[PDB]
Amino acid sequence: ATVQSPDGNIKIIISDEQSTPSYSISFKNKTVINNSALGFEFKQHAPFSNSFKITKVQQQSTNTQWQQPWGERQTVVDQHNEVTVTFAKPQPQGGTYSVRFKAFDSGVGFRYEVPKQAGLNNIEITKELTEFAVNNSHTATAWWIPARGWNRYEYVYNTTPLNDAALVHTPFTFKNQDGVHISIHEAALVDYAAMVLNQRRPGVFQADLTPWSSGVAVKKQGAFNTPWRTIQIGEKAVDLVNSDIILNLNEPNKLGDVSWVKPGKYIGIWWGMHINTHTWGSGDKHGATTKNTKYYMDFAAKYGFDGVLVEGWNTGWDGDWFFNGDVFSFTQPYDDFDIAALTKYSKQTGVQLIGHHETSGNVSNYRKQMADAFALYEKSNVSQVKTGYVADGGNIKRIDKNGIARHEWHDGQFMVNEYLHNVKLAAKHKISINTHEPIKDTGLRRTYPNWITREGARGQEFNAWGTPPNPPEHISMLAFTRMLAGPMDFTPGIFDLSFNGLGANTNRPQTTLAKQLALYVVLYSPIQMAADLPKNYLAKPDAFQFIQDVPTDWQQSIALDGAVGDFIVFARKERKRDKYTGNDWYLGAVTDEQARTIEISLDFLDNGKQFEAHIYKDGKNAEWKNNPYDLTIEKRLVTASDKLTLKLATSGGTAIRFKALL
């Protein structure tokens, strides 16, 4: 069986000639994915592996578009060819299953659909046999983070030959010697275990499902489908970025009217604890006090921020909060945090309190309190909650039905279901969720638009204490790996880079000031933090104006140029909403440890309109180690026929507001 992208450049061949069912993929008539196996093994049920033959293919196609409630673009185009391939094996130990393939111009998705059949009752998958066999893997280069490690998704990216990537998380991005870029991920991860990629024979990446503590991967009753497995393929790195395949593979919005989900910018009592000017726990330096929260709310109201995150408001942080998962209350504030007074103040200022639920990995202590916790927040006019699951890999703690503690993975079926339960319950209270230590993004924000963002990668917080902090290349890695999954709460915008001393050997963002501004356009999220202390923004009002101006919701987004681990340039057009007319464009560019010159055409600007570019760029002598603050701000009249030379300092960047003129 064969299915091709609409333009014909991607071609998938599905076969039954090998030991098992298999597929392969060519791009512009060069094989990029060799024969790759399909099937399952189960704990007790007979395997779905060899001796299955193709009995039927069903071809169809799609050419449609749909609108996002919020996002990186307003209109999403869905154009693909589709084939459902049915496999059958005769008895004894026979069976049948289908695989559905969708071929887009930017990549392919496939999933298994196992129908009701005699003897398929309560089953437990122990292995998914799916492979991604990369052709010419000996000359390919990969950019990856290890899977199953003690620190979950929070690793800096490795740059290695593809054959060195032994056990990796997705999105898993690499390029072959021809320059073709490929990224493997998954979409609509629902009631199933996350896929890790395990390199077997060289270049053969086998699905490695994250298991329950008991050792099985996925529990199902009867007929079941898998999540989609996705293979993005493009001639350029930015072709991976500019694809909507992950969203297109998810089910449409199930929450109805989601106008109560509000993209916007926020600040927080947060960074002070990470740089040790405040504590999460009670005492003389407690961050989460009524007085401090009102001070942040006044600042937010004055400078145009929608909400104030406050961490450490609830009892249980005293001591070493990493070990306090059993004792957190999600309804009882500390005595110095007057939530009723802050509810009144939020209505008086128009600035909302943003809630915070850190579990330190104990999800049963959270689950038992969750209904009361969201009721309190709904009563308190709280519309967004940041959740947290800080614990080492494999050390989620749950209490089973017999009262016995078990350890689970953040990305097993158990936690996949746990996260979605939290999001669905929050939606009943009109609360949106920002998940730290999450399951990776698989596009479910389409289906549940209150799941607005997540962390699931090293963000700004590692620049306070990472030892070492994130390297200069980190953003340009994220843009082509983690960010292919969906939005990230990076918490950009640190203006005081000197709190631990300057130079290359201290814990600090290893960037220039202009790169901190560029992050607001480079890293998409519907909510963007201005992460720093308010007084640090008051010290730099001209630079702060960009953060005040920049939206977080976009009618269109275009990655204009870039290279993995080196640089990226984004242009985005604001969505018409709230104070934004919908006419302004924004640009952000960042580099790695190297200074870089990038030539950019402005032909993305609307034809026939004049713009005033407000350009925030590295000063002539800027360099991140000892001169990160040199900054130039320039105004320049431009149109679509103009061009721009970006001059990025070492770990530098540029941020631009293109203000449409009447």
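The first residue of the shown sequence is 1; numbering continues from there.
- The mean Cα B-factor in the deposited entry runs higher for 500-508 than for the other of 135-143 and 500-508.
- Stretch comparison (169-177 versus 344-352) by mean CA B-factor in the PDB entry places 344-352 on top.
- Among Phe27, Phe42, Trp624, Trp66, the highest C-alpha B-factor in the deposited entry belongs to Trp66.
- As recorded in the PDB entry, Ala223 shows the highest C-alpha B-factor of the residues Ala217, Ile182, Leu444, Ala223.
- Per-chain ranking of the deposited C-alpha B factor places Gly307 in the highest third.
- In the deposited entry, the Cα temperature factor of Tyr153 sits in the bottom third of values across the chain's modelled residues.
- Residue-level temperature factors show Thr481 in the lowest third of its chain, judged at the C-alpha atom.
- For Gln610, the recorded CA B-factor ranks within the highest third of the chain. Only modelled residues enter the ranking.
- Residue-level temperature factors show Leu602 in the highest third of its chain, judged at the C-alpha atom.
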